[PDB]
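Encoded as structure tokens, the following chain is the form deposited in one PDB entry, with no partner shown.
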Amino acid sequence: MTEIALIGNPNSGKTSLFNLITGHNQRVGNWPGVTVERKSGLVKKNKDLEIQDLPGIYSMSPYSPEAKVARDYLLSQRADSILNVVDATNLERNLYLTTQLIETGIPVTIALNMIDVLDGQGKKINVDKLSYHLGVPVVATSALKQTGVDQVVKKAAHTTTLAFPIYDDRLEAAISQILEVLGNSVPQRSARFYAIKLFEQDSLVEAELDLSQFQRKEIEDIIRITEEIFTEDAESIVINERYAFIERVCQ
């Protein structure tokens, strides 16, 4: 059964989209942190697709156990599609998560939600330019006005039938070296995600993966060599490459 996962920042409208897609009446509230558990439901206009409502999340190195529920679901390899719910009134902040979702190798479709709010402010966003620079389908949606919801579900269903944010070309060299140290120690689909997180020295990924001391000592040397090349800390290199890529989008 094809599983689509609603992933986005808190209070972006994920459960609101879920209810309209499923006909369910799950808890919707105008404050972050309503949804704390995963909830499933069939797409009413396509009973072959099962969609998953998930708690809000800012980062795949999450800051809360509720956000880690969404992260753990994605890394369980059950999801066939990521329906990235993006708050259009915070494009740049939401897109930080987006870059990490694309890196998971699970195909990403963006629901650019709350577009009615940005219409009231008179601001426009070209979905074609954003889709081109991000490498994923993008559909403007309104859960309040009930617009674009059916379109983003059908395109999310078709991304399961990938181009990654290309970063500093010195960072991509380290990433590919870490990938060859990993070999089959990670799922092929999300190998880039794990390579980057190991470069970030992410505690969760380090504990989750079962790497030999031979693998770790080389990864430590790739990071150290690359840190000296960049004259910058490893964690810092990845964060600024993400934000530099996001700014390149909105230009």
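Between two forms, the rigid core is the largest collection of C-alphas that superpose within 1.5 Å. In this text, residue numbers run from 1 along the sequence as written.
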In terms of residues present in the deposited sequence but not modelled, what lies between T161 and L162: none, 1 to 3, 4 to 9, or 10 or more? 4 to 9
So 207-215 or 32-40, which one's hotter by mean CA B-factor in the entry? 207-215
Quick note on 50-58 and 182-190: per-entry mean CA temperature factor is higher in 182-190
So if I compare the CA B-factors in the entry for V117, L75, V138, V86, which one is the largest? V117
Just the C-alpha B-factor column, please: which of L112, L171, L97, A143 has the biggest number? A143
Considering every modelled residue of the chain and its Cα B-factor in the PDB entry, is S236 in the lowest, middle or highest third? highest
For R27, does the deposited CA B-factor place it in the lowest, middle or highest third of the chain? lowest
On the chain's distribution of Cα B-factors, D128 falls within the third called highest
Would you mind ranking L91 by its C-alpha B-factor against the rest of the chain and naming the third, lowest, middle or highest? highest
Assert third(CA B-factor, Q121) within chain per record equals highest
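There is another form of the same protein, the form deposited in another entry; it is not shown, and what comes next is about it.
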Comparing between the shown form and the other one on the rigid core: C-alpha of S236 shifted by 2 Å or more? no
With both forms fitted on the core, check whether the Cα of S64 differs by 2 Å or more between the shown form and the other one. yes
At a 2 Å cut-off on C-alpha positions, does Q26 qualify as shifted between the shown form and the other one after fitting the rigid core? yes
Closer or farther: the C-alpha atoms of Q26 and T22 in that other deposited form, versus the form shown, with a change of 3 angstroms or more? closer
A 3 angstroms or greater change in CA distance between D80 and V28 is reported in that other deposited form. Closer or farther than in this form? closer
